[PDB]
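[1] Return atomic coordinates for the entry below.
(chains A and B, ligands or ions: 1)
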Amino acid sequence: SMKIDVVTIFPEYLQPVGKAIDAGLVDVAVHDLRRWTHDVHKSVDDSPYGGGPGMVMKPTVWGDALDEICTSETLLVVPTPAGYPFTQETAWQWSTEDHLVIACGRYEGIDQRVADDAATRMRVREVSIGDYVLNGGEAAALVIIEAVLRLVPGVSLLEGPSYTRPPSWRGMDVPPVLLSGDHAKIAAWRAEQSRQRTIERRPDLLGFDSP
Amino acid sequence: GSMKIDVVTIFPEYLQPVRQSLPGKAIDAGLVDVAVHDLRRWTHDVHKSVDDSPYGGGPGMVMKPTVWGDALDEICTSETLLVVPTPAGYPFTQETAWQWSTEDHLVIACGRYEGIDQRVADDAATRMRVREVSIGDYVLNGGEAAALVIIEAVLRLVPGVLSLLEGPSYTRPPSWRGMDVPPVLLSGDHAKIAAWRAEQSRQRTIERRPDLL
Ligand SMILES: O=C(O)c1cccc(CSc2cccs2)c1
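    Residues are numbered from 1 along each chain as shown, chains lettered A, B, ... in the order given. For reference, the structure is listed below:
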C-alpha cells in the first residue's frame, strides 16, 4: 500500500482516472495550490530577483501547502529540467516508498528556498525525466507515476523487434527462426537483434560515442 | 505555422489534457489542430482485437499489423511524419523538438505492452518518414504519457500556441523561514550578477549532470 499526492495550479490535467487500474494497492490525490493563497487575486507568482525573463512561483504559498500535506517520512519529488536524471533505477527505488508528494511548477521555476526548507524536515529529490523542456511538471508527474506504479508489488540493453500473426503480411515475412521452435536459436537470434539495435540507436549504452 | 496532430490509441480519454490545454486563439488562427482517435474502429472482429501472442514465445502481447495497417493507411499522407514512442527508440531531445516544430502533419501511434509488430513501421517507411523514439531511460506501460510529453514539448516551440543547467531562482519576500535571497541579486551590478549565475550553473551541472561536461 502506497499514497501519492500531487500539487498543481492546473489540476485538470491529472484526471485521466493503465495507472488507472487499482484494486486499492495505492490511493492518489490532486490539489489546487490556490487552496493556500489569501489575497483576492490568488497570486502565486512574482518577478525574479536579479532580473531575467519570466516569473517565479512564490515561496510562501508552496510552503504553507507542503506544511499541511507533507510529513517527515515523505519523499518530495520536484520535476525540473535542472534536476538529476530520473531512470529505471529511480523508479525501482521509489516503488518501495510509503509517501510520494509531487510538486508541479510552472513559469520559470519555484523559489529555491522552498526545497531547501523542505530538505530540513523530509527527503527531497529534484529530477529531470529527459533532456528537453516542458511548460510545467504536470506531464512529468504523469510519466513518473506510470513508471513507478508498474513496479509496485501486486501489478541492460534495448529490446529488438516483435511479431505476431499472420506469418506473411503485405509481402513481408516473419523471420523464419521465430517460426521453427528452436528455443536456443531463437534466443540467440533475439540477442543478436537486441545488440545490433543498441549499437545503432543507443551506442552510449555499451560505452561508445554519441552521434 | 499551421500544424495538425493525429493521435491513435486504445485510450482516447488519456489525451483529454492535450486538447484541454490549448489556447483557443491558436485554434481560431489555424495554428494547430489536434485530433485523438480510438484504435478500435479499425478492428476486424466482433471482439475488436488489437493484440496477439508473440511469434517466438515469450510473455506479454504484440500489436496486430493488420489493424495498425488499416489505421495508418487512413490517417497518413506522404508528407506525414510518423512518431512511434518506444523504450527501444532513438532519444527524444530538445534538438528533436525544434526540428519537429516546423512540420505540417504529425502522426503519433501509441502502442502498449511489448510493442507493435515490426512490419508496420517497416512498411510505413517505404512511403513516409518514420521516427521511433524514447523520451527517457525507463519503461512505461504504454506510449500515451510519452505522447503527452512530446506534444507539450514540441508545441511550446511553435510561436503563439501554448550548455549547462539553469541555476536557482528567488523572489519576494527577501527573507523567508530564516533563509535570505543571495545579496548579489539586489546589488545593482549586472556584470557581477551574470558571473555569479555562471558559477551557480557550473557547480550544479557538475553535481547533477557530469555527463554534460
Ligand atoms: O520548476 C519549475 O518551475 C519548472 C519550470 C518549467 C518546467 C518545469 C517542469 S519541466 C521538465 C523538464 C524536464 C523534465 S521535467 C518545472
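
[2] residues touching residue A:149, list them.
    By CB atoms under 8 Å, 6 or more residues apart in numbering or on different chains, residue A:149 lies in contact with A:19, A:26, A:95, A:155. Placement of C-beta: from N, CA and C, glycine included.

[3] Swap in 7 Å and give it another go.
    Going by CB atoms under 7 Å, 6 or more residues apart in numbering or on different chains, residue A:149 touches A:19, A:26.

[4] From the centroid of chain A, which residue is nearest?
    Taking CA atoms, centre = their mean, the centroid of chain A lies closest to residue A:144, which sits 2.1 Å from it.

[5] is it fair to say residue A:147 lies in a strand?
    No: assessed with DSSP: H, G, I helix; E, B strand; the rest coil, residue A:147 is helix; it does not lie in a strand.

[6] hang on, it packs against residue A:89?
    No: using CB atoms under 7 Å, residue A:147 is not in contact with residue A:89; the gap is 11.0 Å.

[7] Looking at those two, which has the bigger crowd around it?
    residue A:147 (26 against 11; other CB atoms under 10 Å in any protein chain shown).

[8] can you give me phi and psi for residue A:30?
    The phi/psi pair for residue A:30 (degrees, to the nearest 10) reads phi -120, psi 130.

[9] That one: how many residues sit nearby?
    For residue A:30, the count of nearby residues is 17 (other CB under 10 Å).

[10] One more: residue A:96?
    11.

[11] With residue A:136 instead?
    Residues contacting residue A:136 under the criterion other CB under 10 Å number 19.

[12] roughly how far apart are it and the ligand?
    As judged by CB to the nearest ligand atom, to the nearest Å, residue A:136 and the ligand stand 5 Å apart.

[13] Also residue A:6?
    As judged by CB to the nearest ligand atom, residue A:6 and the ligand stand 13 Å apart.

[14] For that residue, which residues are in contact?
    A:14, A:29-31, A:102, A:104, A:141.

[15] same thing but 8 Å
    Taking CB under 8 Å, 6+ apart, we find residue A:6 in contact with A:14, A:28-31, A:101-102, A:104, A:141.

[16] what's the closest of the residues you listed to the ligand?
    Using CB to the nearest ligand atom, residue A:104 comes nearest to the ligand of the contacts of residue A:6, at 7.4 Å.

[17] pretty sure that closest one contacts residue A:139?
    No: taking contacts as CB atoms under 8 Å, residue A:104 lies outside contact range of residue A:139: 9.3 Å.

[18] can you state the direction angle for the strand or helix carrying residue A:192 and strand B:81-91?
    Using DSSP states H and E, residue A:192 sits within helix A:183-201. In terms of direction (axes from the mean of the first three to the mean of the last three CA atoms, to 10 degrees), helix A:183-201 departs from strand B:81-91 by 100 degrees.

[19] hmm, who's touching helix A:183-201?
    Residues from elsewhere that reach helix A:183-201 (CB under 8 Å, 6+ apart): A:157-161, A:175, A:177-178, A:180, A:205-206, A:208, B:56-57, B:88-90, B:132.

[20] If we ignore the residues flanking it in sequence, what's nearest whichever residue of chain A sits closest to the ligand?
    Taking CB to the nearest ligand atom, the ligand has its nearest neighbour within chain A at residue A:105, 2.7 Å off. In this structure, residue A:105 finds its nearest non-sequential neighbour in residue A:137, 5.3 Å apart by CB to CB, 6 or more residues apart in numbering or on different chains.

[21] now do residue A:168
    Excluding the flanking residues, the one nearest residue A:168 by CB to CB, 6+ apart is residue A:174, at 7.4 Å.

[22] What count of nearby residues applies to residue A:65?
    Counted with other CB under 10 Å, residues neighbouring residue A:65 total 21.

[23] Tell me where chain A has strands.
    Assigned by DSSP state E, chain A shows strands spanning A:2-8, A:26-32, A:45-46, A:56-57, A:75-85, A:99-103, A:109-110, A:123-128, A:168-169, A:172-173.

[24] Name the stretch among the ones you listed that sits most buried.
    Of the strands of chain A, the one with the most neighbours on average (mean count of other CB atoms under 10 Å in any protein chain shown) is strand A:109-110, at a mean of 24.

[25] Which strands or helices does that strand pack on?
    In terms of contacts (3 or more CB pairs under 8 Å, 6 or more residues apart in numbering or on different chains; DSSP states H and E), strand A:109-110 is packed against strand A:56-57, strand A:75-85.

[26] Take these and lay them out in JSON lines including distance to the ligand.
    Shown next, in JSON lines, are the helices and strands packed on strand A:109-110 (distance: least, CB to the nearest ligand atom, whole Å):
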{"stretch": "strand A:56-57", "distance to the ligand": "6"}
{"stretch": "strand A:75-85", "distance to the ligand": "4"}
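
[27] For those, could you give me CSV that also reports distance to chain B?
    Formatted as CSV, the helices and strands packed on strand A:109-110 follow (distance: least, CB to the nearest CB, whole Å):
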stretch, distance to chain B
strand A:56-57, 4
strand A:75-85, 5
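
[28] on that earlier part again, do I have it right that the residue nearest to the centre of chain A meets residue A:80?
    No: between residue A:144 and residue A:80 there is no contact under CB under 8 Å: 12.0 Å.

[29] what do the two both touch?
    By the contact definition CB under 8 Å, 6+ apart, residue A:144 and residue A:80 are jointly contacted by residue A:127.

[30] Just the endpoints, please. Distance across stretch A:24-37?
    Start-to-end span of stretch A:24-37 (CA to CA, to the nearest Å) is 32 Å.

[31] wait, does that stretch contact chain B?
    No: using CB under 8 Å from any CB of the partner chain, we find that stretch A:24-37 stays clear of chain B, coming within 12.4 Å at best.

[32] Distance from that stretch to the middle of the chain?
    17 Å (CA atoms, centre = their mean, to the nearest Å).

[33] Give me the contacts around it.
    Stretch A:24-37 has contacts (CB under 8 Å, 6+ apart) with A:1-9, A:11, A:14-15, A:42-44, A:61-62, A:64-65, A:68-69, A:145, A:149, A:152, A:154-155.
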